[PDB]
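J.: One structure coming up, written as C-alpha cells, with questions to follow.
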Amino acid sequence: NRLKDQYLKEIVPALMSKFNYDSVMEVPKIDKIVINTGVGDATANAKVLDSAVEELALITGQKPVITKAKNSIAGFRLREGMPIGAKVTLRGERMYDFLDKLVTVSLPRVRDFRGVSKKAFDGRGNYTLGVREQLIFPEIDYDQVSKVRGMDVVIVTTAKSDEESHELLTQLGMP
Amino acid sequence: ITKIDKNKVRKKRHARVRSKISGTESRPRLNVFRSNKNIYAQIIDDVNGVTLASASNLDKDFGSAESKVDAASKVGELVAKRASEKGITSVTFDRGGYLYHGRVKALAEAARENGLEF
Amino acid sequence: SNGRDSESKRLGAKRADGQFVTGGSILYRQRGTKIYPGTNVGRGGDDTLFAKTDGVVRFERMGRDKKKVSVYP
Amino acid sequence: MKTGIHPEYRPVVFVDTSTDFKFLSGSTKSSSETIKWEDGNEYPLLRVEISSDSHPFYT
Amino acid sequence: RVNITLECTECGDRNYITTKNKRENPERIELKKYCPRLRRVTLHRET
Amino acid sequence: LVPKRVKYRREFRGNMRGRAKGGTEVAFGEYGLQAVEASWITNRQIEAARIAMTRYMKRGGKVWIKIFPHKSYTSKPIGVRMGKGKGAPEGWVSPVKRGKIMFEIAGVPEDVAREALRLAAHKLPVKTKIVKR
RNA sequence: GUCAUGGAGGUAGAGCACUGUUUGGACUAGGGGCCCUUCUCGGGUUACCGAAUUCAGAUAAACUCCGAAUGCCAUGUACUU
RNA sequence: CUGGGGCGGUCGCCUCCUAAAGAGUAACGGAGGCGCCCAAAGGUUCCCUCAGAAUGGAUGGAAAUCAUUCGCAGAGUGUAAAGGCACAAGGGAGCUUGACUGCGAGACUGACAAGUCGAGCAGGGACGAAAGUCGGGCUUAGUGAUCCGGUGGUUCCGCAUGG
RNA sequence: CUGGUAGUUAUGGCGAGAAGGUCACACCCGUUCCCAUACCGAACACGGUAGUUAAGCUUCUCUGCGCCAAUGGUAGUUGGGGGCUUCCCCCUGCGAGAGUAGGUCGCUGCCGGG
Ligand SMILES: [K+]
Ligand SMILES: [Mg+2]
Ligand SMILES: [Mg+2]
Ligand SMILES: [Mg+2]
Ligand SMILES: [Mg+2]
Ligand SMILES: [Mg+2]
Ligand SMILES: [Mg+2]
Ligand SMILES: [Mg+2]
Ligand SMILES: [Mg+2]
Ligand SMILES: [Mg+2]
C-alpha cells in the first residue's frame with residue numbers, strides 16, 4: 001500500500017514519459033510475486049517439508065500450496081506424486097507489502113549484493129530473484145528453525161521488454 | 001504475461017453446455033448472455049436457427065433495478081411473460097457457460113416462477 | 001513362436017445408405033467412432049451404431065474429417 | 001481470502017536503530033510494541049538491522 | 001481380490017454378488033441396493 | 001551398407017513392377033548409372049560397384065550411392081525341409097525398379113566418368129544405361 | 001443382368017503430413033584427438049566422432065497428408081431376363 | 001496336428017499384418033498380448049488441458065519444484081495392439097453406488113452350443129437448478145458346458161393320511 | 001452500425017499492418033454481502049464506473065504460411081487380346097497422387113439496441 005501508492009503517484013507518469021506510451025494501460029505493472037521453495041530432500045523425510053512450509057507461511061503471511069512431482073526420476077530417487085517443493089502466489093496489496101519488505105528490509109541482510117543483474121531476466125519481461133538463505137527474512141528467526149533450505153522469488157511483470165521491466169523494478173526501489 | 005480473454009474461455013464452456021442442450025420448435029433453448037453492466041435473454045430454435053421471444057436489461061419496458069441480481073430477475077419476469085404471449089411453455093435453460101449461481105440463476109428462478117417449465 | 005490370431009469380429013456397415021431400417025437395427029459395428037451417431041441413431045457400449053426409430057439410413061459428412069450416420073423417417 | 005487457514009496479516013511498523021526511519025508494512029510476528037509515528041492508529045513495532053537508507057551500497 | 005455376496009439386512013437374502021480387493025477393503029462392504037422382495041432400496045452388507 | 005536397426009527382422013520379398021517412383025533423374029552428379037530393367041541389388045554388389053568406381057577416379061570428384069539396401073532376405077540351410085517357420089535373415093537388398101539412377105558421379109571429365117560407370121555396371125546384376133544431367 | 005443414383009470400405013498407385021529405414025550438403029550445441037597456466041572448467045585448433053536444425057533427395061506387409069479401377073450394400077416410377 | 005513318423009514346438013481367448021479398399025479367408029506364415037485389475041480406475045455435476053523445448057532462477061547435477069513464452073497433441077487413456085478420443089473417451093474436485101430389480105421392439109454374429117448390441121416400458125433410486133445422464137470401466141482379451149456335490153432362499157411336490 | 005446467438009469441409013484458419021469507441025462490448029476499480037481459491041478476489045462470484053482503447057472485440061488492407069483448386073498429361077486398373085516373361089506390350093472404358101493455371105483475408109440466417 002506504501003509502495004502501490006508511490007507507483008500510482010510518481011512512477012506511472014515518469015515511466016510513460018520515458019518510453020512515450022500511447023495510453024496509461026501500456027504502463028508495466030507487477031501482476032504476481034510467486035515464491036517457490038523446492039524441497040527435493042522431502043522424498044526421504046516428509047517432516048523436513050512440514051518446517052519448510054511453516055517457515056515460508058511466516059515470510060509471505062499466506063499459507064503455501066505443497067507442489068507434487070510431475071514425472072518419476074530414478075536419478076533423484078523420485079516417483080509420480082510425492083510432495084516436493086511449496087509454491088505461494090502473492091497479488092494485490094499483500095504482494096506490494098512483501099516487495100517493499102524485500103527491497104527495504106530483506107536484501108541488505110545478505111553479506112553483499114551487486115544489484116538488478118541484467119542476466120537474471122527471462123527475456124520476456126519477468127524477473128527471478130535468487131535467495132541464498134532463509135535467515136535473510138526478519139520474520140524467520142533462524143535460531144529456532146533447523147535447515148536453511150533456500151528460496152526462489154519470481155516477479156511477473158506486464159512489461160514487454162527487459163528494458164521496460166528493468167526501469168519499473170528500479171524505480172520501485174530494487175537495486 | 002498474457003491476460004486470459006474471459007469471453008473466449010466462456011464461449012469454450014458454452015460449447016460444452018450446447019453439446020447436451022439444443023432448442024426444438026416444441027421445446028426451445030432459453031439462452032443467457034451476461035455483461036459487466038447488464039444481462040440479456042433469448043428463447044431460440046436451433047432446428048430453424050431463429051430467435052423467438054427475447055428480453056434484455058436495457059429494454060424501455062422495466063428499466064428500474066436496485067442491484068444487478070434484482071435487474072436480472074426483472075429480465076426473467078419479462079422474457080417469461082413475452083414467451084407466454086408468443087404461446088410457448090416448456091424451455092431448457094442454457095447457462096451460456098456461466099456458473100448457475102448469482103445473476104444467471106436469479107434470471108432462471110424468476111422465469112421459472114412465471115409460466116415457463118424446466 | 002507365432003501362429004496365433006483372434007476370431008474376426010465382422011465389423012463394418014450392416015445397412016446401406018438409402019435402405020429402410022426398423023428401430024434397433026445395427027447400422028455400423030466399429031472400435032471407437034470411425035462413424036458418429038447422427039440423428040435418431042444411438043452409440044452402444046461397444047461403439048455399435050443402431051437406429052433409435054424406423055426410417056431411411058443416410059451416411060453424412062460431419063465437418064471436414066469426421067462422418068456420421070442418421071435415420072430419417 | 002480463506003479464514004482460519006493462514007497466519008495473521010496484521011500491520012506492523014519497521015524501524016532501523018541507526019537511521020531511525022519508520023514505515024508501515026503488514027507482516028507476521030508482531031511482538032506487541034508501541035509506536036511513535038501515527039500513535040492514533042496504533043500498530044506493533046519491530047527493531048531491524050540496517051535498511052537500504054542506512055546500507056552503504058544502496059545509499 | 002475375491003468374489004463377495006451382499007446380504008440384504010431387512011430382506012435377509014443375498015441376491016447381489018460383487019468383487020473386492022480384501023487387502024485394500026478388509027472390512028465388510030456396505031452398499032445401498034434395491035431389494036426386489038421389499039421393492040425398495042435397502043442397506044446390503046458383505047457376508 | 002546395412003540398416004542400423006529394423007522394425008521387423010523378416011519382410012516380404014515384394015514385387016518390382018513399374019518405373020521407379022523416384023530417383024529417375026540425376027540430382028547431385030554430372031553422370032549417373034540408370035537401371036534399364038528391374039532387379040534386387042545386394043549390399044555386396046553395391047560395395048563391389050562403389051570400390052570399382054572410386055578406385056578408377058583415384059579419390060577424385062564425388063560418388064553418390066542413390067540406392068540403399070533396406071529390405072532383409074532370409075534362407076533355409078541345406079538338408080532342411082519346408083515349414084517350421086521363416087528362415088534366418090541372410091542379407092540386405094535394394095529392389096531397383098527400371099529407370100532408377102543407382103550411382104551418380106561428378107568432379108571428373110566425361111571420359112573418366114563414362115569409364116568408371118562401365119566398370120561399376122559390370123559388378124551389377126542389372127542392364128544399365130549411362131545418363132548425364 | 002444392365003442403366004441411373006446414393007453409400008461404406010484405405011488395396012493399386014502415389015506421397016512423406018506422422019512412425020520406422022536412409023543419402024548428400026550447409027549449420028551447430030556437445031564429446032574426442034593436440035599443447036598451455038589447467039581441476040583439459042574455457043580458449044587458439046579442428047571434415048577423429050556427434051544430437052538437434054534446416055535445404056535437397058530416397059524408402060515401407062505390419063508408414064499415410066492422399067487415393068483409384070474393380071468388387072460390395074442399397075434405391076428406382078428404368079429396360080431386359 | 002505334423003511337407004513321412006519320432007524328437008522339438010503347438011492346442012482356448014484378444015490385437016495387428018498376411019487379407020487382393022464390404023464381410024470372410026490358409027500355412028509348423030510375420031509380430032505381440034490374456035487366464036486380470038479398479039470401492040474408484042464405476043455413476044453424475046462442475047471445472048480443466050497435455051508432451052517437449054527455449055530463457056531466468058538457492059539447495060540442484062543433462063533431468064526434481066517455480067515463472068514466462070512457443071507448442072493439434074509430438075502426451076495421456078490400469079494393461080498388447082488396432083480403431084478412437086483435446087464439445088475430450090485425457091486431468092482435477094463435490095456428492096454418490098445404475099458395478100440397479102423385472103424386462104425388452106428390433107438387429108448383428110452364427111452349423112449348433114454359445115456370443116454381441118439394443119431404443120423403449122415398469123419398479124425404486126444417484127447426481128443435477130433443470131435439460132438430462134447412469135443396467136460398470138474409450139472400445140475389443142481376463143474364461144469352461146453337462147452330470148454330480150455344497151450353501152442360502154422358496155405362496156411347488158410330499159407314494160394311504162398328517163408330517 | 002454494433003451486441004447476442006446459429007448454420008456452413010479453413011475459400012471461413014494463422015501471421016503481418018492500420019483505424020475505431022460511453023452506444024454497446026471490453027479491460028478496468030473494489031471485496032461489504034451471495035459465492036470463490038488444494039495458497040492467491042488471478043480465476044469464479046458479487047458491487048461499482050475514476051481511468052483506457054493498450055489488449056480482446058469490431059471494421060479495413062495483404063497471399064508470407066496454411067487451406068481450396070481446374071484443364072492436360074502420367075501411374076494404376078475393369079473387360080478383351082498378345083509376348084521373350086524378376087516381368088512387359090496392345091485395344092476399349094474408368095482414372096489418380098504429385099505438380100500446375102487459378103481461388104481465398106469468407107459466405108448465409110434470426111433477435112436486441114443505434
Ligand atoms: K551388368
Ligand atoms: Mg483369421
Ligand atoms: Mg462395457
Ligand atoms: Mg505400393
Ligand atoms: Mg501401404
Ligand atoms: Mg516332404
Ligand atoms: Mg517331417
Ligand atoms: Mg477386407
Ligand atoms: Mg441335489
Ligand atoms: Mg405321505
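Identifiers in this document derive from the order of the C-alpha cells: chains are assigned A, B, ..., residues are numbered from 1 separately in each chain, and ligands are numbered from 1 in order of occurrence.
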Could you tell me, counting only C-alpha atoms (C1' of nucleotides) and all ligand atoms, which protein and nucleic acid residues lie no more than 12 Å from ligand 6, written as a PDB file with C-alpha atoms (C1' of nucleotides), in the first residue's frame?
T.:
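Saved file out23.pdb follows:
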ATOM      1  CA  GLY F  79      19.067 -80.541 -45.540  1.00  0.00           C
ATOM      2  CA  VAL F  80      16.107 -78.578 -44.018  1.00  0.00           C
ATOM      3  CA  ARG F  81      12.541 -79.496 -45.157  1.00  0.00           C
ATOM      4  CA  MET F  82       9.795 -76.903 -45.907  1.00  0.00           C
ATOM      5  CA  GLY F  83       7.853 -75.413 -42.917  1.00  0.00           C
TER       6      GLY F  83
ATOM      7  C1'   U H   2       2.993 -82.613 -38.430  1.00  0.00           C
ATOM      8  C1'   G H   3       5.772 -81.120 -46.194  1.00  0.00           C
ATOM      9  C1'   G H   4       6.651 -89.459 -43.719  1.00  0.00           C
ATOM     10  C1'   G H   5       6.900 -90.698 -38.351  1.00  0.00           C
TER      11        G H   5
END
J.: Would you name the residues within 9 Å of ligand 5, counting only C-alpha atoms (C1' of nucleotides) and all ligand atoms, and put them as a list in words?
T.: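 Those residues are residues 10, 11, 60, 61, 63 and 64 of chain G.
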J.: Could you save those same residues with N, CA and C atoms (P, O5', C5', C4', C3', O3' and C1' of nucleotides) as a PDB file, in the first residue's frame?
T.:
ATOM      1  P     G G  10     -11.043 -48.893 -44.087  1.00  0.00           P
ATOM      2  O5'   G G  10     -10.314 -49.085 -45.505  1.00  0.00           O
ATOM      3  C5'   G G  10      -9.215 -50.024 -45.615  1.00  0.00           C
ATOM      4  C4'   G G  10      -8.365 -49.652 -46.804  1.00  0.00           C
ATOM      5  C3'   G G  10      -6.913 -49.261 -46.504  1.00  0.00           C
ATOM      6  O3'   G G  10      -6.169 -49.502 -47.697  1.00  0.00           O
ATOM      7  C1'   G G  10      -7.985 -47.420 -47.369  1.00  0.00           C
ATOM      8  P     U G  11      -4.568 -49.383 -47.616  1.00  0.00           P
ATOM      9  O5'   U G  11      -4.167 -50.369 -48.818  1.00  0.00           O
ATOM     10  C5'   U G  11      -4.343 -51.788 -48.635  1.00  0.00           C
ATOM     11  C4'   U G  11      -4.520 -52.447 -49.979  1.00  0.00           C
ATOM     12  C3'   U G  11      -3.684 -51.879 -51.132  1.00  0.00           C
ATOM     13  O3'   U G  11      -2.425 -52.544 -51.185  1.00  0.00           O
ATOM     14  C1'   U G  11      -5.956 -52.069 -51.794  1.00  0.00           C
ATOM     15  P     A G  60       8.983 -48.106 -51.433  1.00  0.00           P
ATOM     16  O5'   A G  60       8.622 -48.637 -49.964  1.00  0.00           O
ATOM     17  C5'   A G  60       9.096 -49.944 -49.577  1.00  0.00           C
ATOM     18  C4'   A G  60       8.406 -50.356 -48.303  1.00  0.00           C
ATOM     19  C3'   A G  60       6.887 -50.146 -48.254  1.00  0.00           C
ATOM     20  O3'   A G  60       6.238 -51.270 -48.846  1.00  0.00           O
ATOM     21  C1'   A G  60       7.899 -49.283 -46.277  1.00  0.00           C
ATOM     22  P     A G  61       4.637 -51.195 -48.993  1.00  0.00           P
ATOM     23  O5'   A G  61       4.186 -52.016 -47.689  1.00  0.00           O
ATOM     24  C5'   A G  61       4.534 -53.418 -47.598  1.00  0.00           C
ATOM     25  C4'   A G  61       3.513 -54.113 -46.735  1.00  0.00           C
ATOM     26  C3'   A G  61       3.498 -53.699 -45.263  1.00  0.00           C
ATOM     27  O3'   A G  61       2.634 -52.572 -45.162  1.00  0.00           O
ATOM     28  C1'   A G  61       3.361 -56.091 -45.491  1.00  0.00           C
ATOM     29  P     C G  63       3.269 -50.129 -38.782  1.00  0.00           P
ATOM     30  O5'   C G  63       2.502 -48.963 -39.573  1.00  0.00           O
ATOM     31  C5'   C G  63       2.938 -48.584 -40.895  1.00  0.00           C
ATOM     32  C4'   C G  63       3.126 -47.089 -40.904  1.00  0.00           C
ATOM     33  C3'   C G  63       1.973 -46.269 -41.503  1.00  0.00           C
ATOM     34  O3'   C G  63       1.068 -45.914 -40.451  1.00  0.00           O
ATOM     35  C1'   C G  63       4.038 -45.652 -42.520  1.00  0.00           C
ATOM     36  P     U G  64      -0.450 -45.512 -40.815  1.00  0.00           P
ATOM     37  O5'   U G  64      -0.273 -44.258 -41.804  1.00  0.00           O
ATOM     38  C5'   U G  64      -0.108 -42.929 -41.248  1.00  0.00           C
ATOM     39  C4'   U G  64      -0.219 -41.914 -42.357  1.00  0.00           C
ATOM     40  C3'   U G  64      -1.640 -41.665 -42.878  1.00  0.00           C
ATOM     41  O3'   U G  64      -1.801 -40.307 -43.283  1.00  0.00           O
ATOM     42  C1'   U G  64      -0.304 -42.487 -44.638  1.00  0.00           C
TER      43        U G  64
END
J.: Looking at only C-alpha atoms, which of B:47, B:39, B:1, B:71 is the one that sits closest to chain C?
T.: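 Closest to chain C, using only C-alpha atoms: B:47.
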J.: Produce as a VMD selection string the set of residues near ligand 9, where near means within 12 Å with only C-alpha atoms (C1' of nucleotides) and all ligand atoms considered.
T.: chain H and resid 147 to 151
J.: Within 10 Å of ligand 8, which residues show up when you count only C-alpha atoms (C1' of nucleotides) and all ligand atoms? List them as number ranges by chain, please.
T.: C: 10-12; G: 9, 11; H: 19-25
J.: Just checking: using only C-alpha atoms (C1' of nucleotides), which residue out of B:32, B:110, B:75, B:99 ends up closest to chain H?
T.: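 Answer, going by the shortest atom-to-atom distance: B:99.
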J.: Please extract the residues at most 9 Å from ligand 2, counting only C-alpha atoms (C1' of nucleotides) and all ligand atoms, and provide them as a VMD selection string, using the chain letters and residue numbers of this document.
T.: (chain C and resid 5 to 8) or (chain H and resid 24 to 26)
J.: May I have the residues from that selection written out with N, CA and C atoms (P, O5', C5', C4', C3', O3' and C1' of nucleotides), as a PDB file, in the first residue's frame?
T.:
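Output file again.pdb is given in full below:
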ATOM      1  N   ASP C   5      -3.899 -65.863 -33.740  1.00  0.00           N
ATOM      2  CA  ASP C   5      -4.758 -64.753 -34.216  1.00  0.00           C
ATOM      3  C   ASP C   5      -6.124 -64.910 -33.550  1.00  0.00           C
ATOM      4  N   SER C   6      -6.804 -63.800 -33.278  1.00  0.00           N
ATOM      5  CA  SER C   6      -8.151 -63.792 -32.663  1.00  0.00           C
ATOM      6  C   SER C   6      -9.180 -64.052 -33.761  1.00  0.00           C
ATOM      7  N   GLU C   7     -10.399 -64.421 -33.373  1.00  0.00           N
ATOM      8  CA  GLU C   7     -11.544 -64.581 -34.302  1.00  0.00           C
ATOM      9  C   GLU C   7     -11.893 -63.210 -34.890  1.00  0.00           C
ATOM     10  N   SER C   8     -12.067 -63.133 -36.212  1.00  0.00           N
ATOM     11  CA  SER C   8     -12.508 -61.909 -36.930  1.00  0.00           C
ATOM     12  C   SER C   8     -13.884 -61.495 -36.396  1.00  0.00           C
TER      13      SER C   8
ATOM     14  P     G H  24     -14.294 -59.830 -41.306  1.00  0.00           P
ATOM     15  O5'   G H  24     -14.278 -61.330 -41.882  1.00  0.00           O
ATOM     16  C5'   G H  24     -15.301 -62.272 -41.476  1.00  0.00           C
ATOM     17  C4'   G H  24     -15.228 -63.496 -42.354  1.00  0.00           C
ATOM     18  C3'   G H  24     -13.836 -64.102 -42.563  1.00  0.00           C
ATOM     19  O3'   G H  24     -13.577 -65.035 -41.517  1.00  0.00           O
ATOM     20  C1'   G H  24     -14.899 -63.795 -44.667  1.00  0.00           C
ATOM     21  P     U H  25     -12.024 -65.234 -41.152  1.00  0.00           P
ATOM     22  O5'   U H  25     -11.459 -65.789 -42.546  1.00  0.00           O
ATOM     23  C5'   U H  25     -11.488 -67.205 -42.806  1.00  0.00           C
ATOM     24  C4'   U H  25     -10.731 -67.465 -44.081  1.00  0.00           C
ATOM     25  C3'   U H  25      -9.222 -67.192 -44.036  1.00  0.00           C
ATOM     26  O3'   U H  25      -8.479 -68.354 -43.690  1.00  0.00           O
ATOM     27  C1'   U H  25     -10.193 -66.206 -45.985  1.00  0.00           C
ATOM     28  P     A H  26      -8.134 -68.578 -42.137  1.00  0.00           P
ATOM     29  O5'   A H  26      -7.033 -69.731 -42.317  1.00  0.00           O
ATOM     30  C5'   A H  26      -7.472 -71.010 -42.832  1.00  0.00           C
ATOM     31  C4'   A H  26      -6.375 -71.620 -43.665  1.00  0.00           C
ATOM     32  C3'   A H  26      -4.974 -71.598 -43.050  1.00  0.00           C
ATOM     33  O3'   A H  26      -4.868 -72.752 -42.229  1.00  0.00           O
ATOM     34  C1'   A H  26      -4.887 -70.829 -45.295  1.00  0.00           C
TER      35        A H  26
END
J.: Neighbours of ligand 10 at 8 Å or closer, counting only C-alpha atoms (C1' of nucleotides) and all ligand atoms: which residues, as a PyMOL selection string?
T.: chain H and resi 158-163
J.: Excluding residue 60 in chain C and residues on its chain fewer than 5 positions from it, collect all residues at most 7 Å away from it, counting only C-alpha atoms (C1' of nucleotides), and give them as an mmCIF file with C-alpha atoms, in the first residue's frame.
T.:
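New file selection11.cif:
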data_model
loop_
_atom_site.group_PDB
_atom_site.id
_atom_site.type_symbol
_atom_site.label_atom_id
_atom_site.label_comp_id
_atom_site.auth_asym_id
_atom_site.auth_seq_id
_atom_site.Cartn_x
_atom_site.Cartn_y
_atom_site.Cartn_z
ATOM 1 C CA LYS C 67 -18.507 -38.782 -40.572
ATOM 2 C CA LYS C 68 -21.989 -39.597 -39.096
ATOM 3 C CA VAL C 69 -24.957 -41.940 -39.902
#
J.: Considering only C-alpha atoms (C1' of nucleotides), return as a list in words whatever protein or nucleic-acid residues lie within 8 Å of range 8-13 of chain E, sequence-local ones (same chain, fewer than 3 positions apart) excluded.
T.: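 My list of contacting residues is residues 35, 37, 38, 42, 43, 44 and 45 of chain E; 152 and 153 of chain H.
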J.: With only C-alpha atoms (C1' of nucleotides) considered, list every residue of chain H at most 6 Å from chain B, as an MDAnalysis selection string.
T.: chainID H and resid 87 130:131
